[PDB]
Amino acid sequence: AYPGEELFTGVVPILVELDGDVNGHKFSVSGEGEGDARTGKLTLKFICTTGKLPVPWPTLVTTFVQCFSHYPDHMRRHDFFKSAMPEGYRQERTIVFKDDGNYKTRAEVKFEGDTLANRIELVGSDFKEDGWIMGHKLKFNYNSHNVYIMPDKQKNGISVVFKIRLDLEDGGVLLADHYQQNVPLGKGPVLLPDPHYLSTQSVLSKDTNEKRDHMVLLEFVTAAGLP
């Protein structure tokens, strides 16, 4: 297999660092945790190093390491995330919130020693001051959803798009469309996958022994084929 696969035979530490800017409200978030590609388990904890988060925590869940998705034996040849390791890949993402603003993220997912780092730069604009983001908070859906992937041959990478359902405090729903391009960092050949998807489930919680603004995230991801 690829020299990137056996870098995930067991538990791998994760470091997260986010430098965002939403309508002028600058902020920084640091994250830390572990990941197990054998089961697709992810246990991460994030903290707003600048104090309070100006945007809702669940809106940054997707931005905050898809290389820890579990790929079954019959589909390991479609794992582009682990393929581009240890040099890693670049993750660009346009998040469009319906009837609201949009995010634009630039991430660098790579290995730094024995740790997996996710250094991201996020920009936000066109969010209303009384919109569903800069105003009333929301919550991330704890149900399984699908994240679809196809290869991008001309870019030697993969295309990834998916929808996010955010439950509003007033019983409503704010759909967030994610468009994502991934490009390898190293020059070595990567796996060009067949169109497939990932079954993703994330549970949000807090840490009772934490005084700062934070979020605890438990994520299970499993890849699945498309006939």
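Counting begins at 1, following the sequence as shown.
Per the record, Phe64 and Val65 are separated by a gap of 1 to 3 residues from the deposited sequence that were not modelled. Look at the C-alpha B-factors of 218-226 and of 1-9. On average they run higher in 1-9. When 176-184 is weighed against 43-51, 43-51 comes out higher, by mean CA B-factor as recorded in the entry. For the set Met150, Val96, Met134, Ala107, the maximum C-alpha B-factor listed in the entry falls on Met134.
Comparing C-alpha B-factors across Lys163, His196, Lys26, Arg38 in the deposited entry, the largest value falls on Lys26. Sort the chain's modelled residues by C-alpha temperature factor and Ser125 lands in the highest third, per the entry. Residue-level temperature factors show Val190 in the highest third of its chain, judged at the C-alpha atom. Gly113: CA B factor in the middle third of modelled residues in this chain (values from the PDB entry). Among all modelled residues in its chain, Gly157 ranks in the lowest third by Cα B-factor. For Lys82, the recorded CA B-factor ranks within the lowest third of the chain. Only modelled residues enter the ranking.
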